[PDB]
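Only this structure's heavy atoms are used, side chains among them; waters, hydrogens and symmetry mates stay out. Residue indices begin at 1 and follow the sequence shown.
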Amino acid sequence: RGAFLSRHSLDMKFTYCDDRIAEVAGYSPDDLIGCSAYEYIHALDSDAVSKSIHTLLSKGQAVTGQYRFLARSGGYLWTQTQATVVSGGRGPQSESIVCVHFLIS
Ligand SMILES: CCCCCC/C=C\CCCCCCCCCC(=O)OC[C@@H](O)CO
């Protein structure tokens, strides 16, 4: 029920995470807020996710390939993300990011 969303600052720190993160990955949203999403991407997928983020910032929207997200248990979930920038109202420095996520496995 409802798309699985997150919000981030430009450094990819979570500012919001869907509550269902507990059901899916063990975290509560409180565990992730203020933490950079880069820390939760499997090292094998980090470069590809960065390239997607570069496209996101250039074009304004991007879709990742499948990638591995670090669950609280230490295992990884295969995920995929569509994202957009969102103007902050104060100029370029105020931009933020909104994501919708999909579980691949
Ligand atoms: C380009 C920016 C790319 C930024 C990528 C990095 C940002 C955040 C890391 C991922 C956080 C969410 C993980 C759990 C996702 C669960 C999704 C979920 O449960 O989806 C159900 C759906 O498949 C319908 O069944």
Side-chain angles (χ1 to χ4, degrees):
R1 185 198 170 70
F4 191 112
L5 307 181
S6 66
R7 295 187 59 177
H8 306 261
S9 40
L10 298 173
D11 56 11
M12 291 306 299
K13 291 182 173 182
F14 285 88
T15 60
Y16 164 80
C17 188
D18 196 289
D19 269 8
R20 290 168 290 182
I21 193 68
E23 288 151 44
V24 174
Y27 304 108
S28 69
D30 193 47
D31 296 322
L32 296 178
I33 304 308
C35 301
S36 181
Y38 290 115
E39 296 188 23
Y40 299 83
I41 308 303
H42 195 290
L44 290 171
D45 301 319
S46 291
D47 182 81
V49 173
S50 281
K51 282 188 151 62
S52 301
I53 292 165
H54 298 343
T55 292
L56 173 64
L57 295 182
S58 173
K59 302 200 77 181
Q61 298 187 246
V63 178
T64 69
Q66 64 196 348
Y67 66 92
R68 283 157 285 210
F69 171 80
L70 177 62
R72 197 177 184 277
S73 67
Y76 292 85
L77 295 163
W78 284 101
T79 317
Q80 188 159 26
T81 300
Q82 177 166 179
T84 184
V85 303
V86 180
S87 161
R90 301 183 297 279
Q93 294 177 335
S94 68
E95 200 162 76
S96 72
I97 293 166
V98 179
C99 297
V100 55
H101 305 288
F102 305 90
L103 193 61
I104 302 304
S105 184

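Sorted by first and then second residue, the salt bridge (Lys or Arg N to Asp or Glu O under 4.0 Å) pairs involving residues 68-82 (not counting sequence neighbours) are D45-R68. Legend: salt bridge (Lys or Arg N to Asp or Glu O under 4.0 Å) pairs involving residues 51-60, not counting sequence neighbours, sorted by first then second residue: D47-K51. Listed by first then second residue, pairs satisfying ring pair (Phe, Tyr, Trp, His ring centres under 6.0 Å) with a partner in residues 70-105 read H42-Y76, not counting sequence neighbours. Sorted pairs that involve residues 73-86 and meet salt bridge (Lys or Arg N to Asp or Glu O under 4.0 Å), not counting sequence neighbours, are lacking altogether.
Hydrophobic clustering places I41 together with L70 (ILVMFWY residues linked when any side-chain heavy atoms are closer than 4.5 Å, directly or through intermediates).
Listed by chain and number, the residues in a side-chain hydrogen bond (donor to acceptor under 3.5 Å, both in side chains) with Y40 amount to none (sequence neighbours excluded). For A25, the side-chain contact (heavy atoms from CB on, under 4.5 Å) partners two or more places apart in sequence, or in a different chain, are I21, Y27, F69, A71, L77. Taking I33 as the reference, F14 meet the side-chain contact (heavy atoms from CB on, under 4.5 Å) condition, with sequence neighbours excluded. Residues passing the side-chain hydrogen bond (donor to acceptor under 3.5 Å, both in side chains) test with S28, sequence neighbours excluded: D31. Judged as a side-chain hydrogen bond (donor to acceptor under 3.5 Å, both in side chains), and not counting sequence neighbours, the contacts of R20 are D18. Residues that satisfy the salt bridge (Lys or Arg N to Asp or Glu O under 4.0 Å) test with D11, not counting sequence neighbours, are absent from this structure. Partners of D30 by side-chain hydrogen bond (donor to acceptor under 3.5 Å, both in side chains), not counting sequence neighbours: none found.
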Would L10 and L57 count as a side chain to side chain contact (heavy atoms under 4.5 Å, CB included) here? Give the steps.
CA-CA 9 Å; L10 298 173; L57 295 182; 3.9 Å; yes
Side-chain atoms of residues 83-92: list all donor-acceptor pairs with protein atoms under 3.5 Å, sequence neighbours left out, distances to 0.1 Å.
| residue | atom | partner | partner atom | Å |
| --- | --- | --- | --- | --- |
| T84 | OG1 | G60 | O | 3.4 |
| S87 | OG | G89 | N | 3.2 |

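At least one donor-acceptor pair under 3.5 Å links the side chain of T64 to the backbone N or O of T81.
We find the CE-SG distance between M12 and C99 to be 5.0 Å, quoted to the nearest 0.5 Å.
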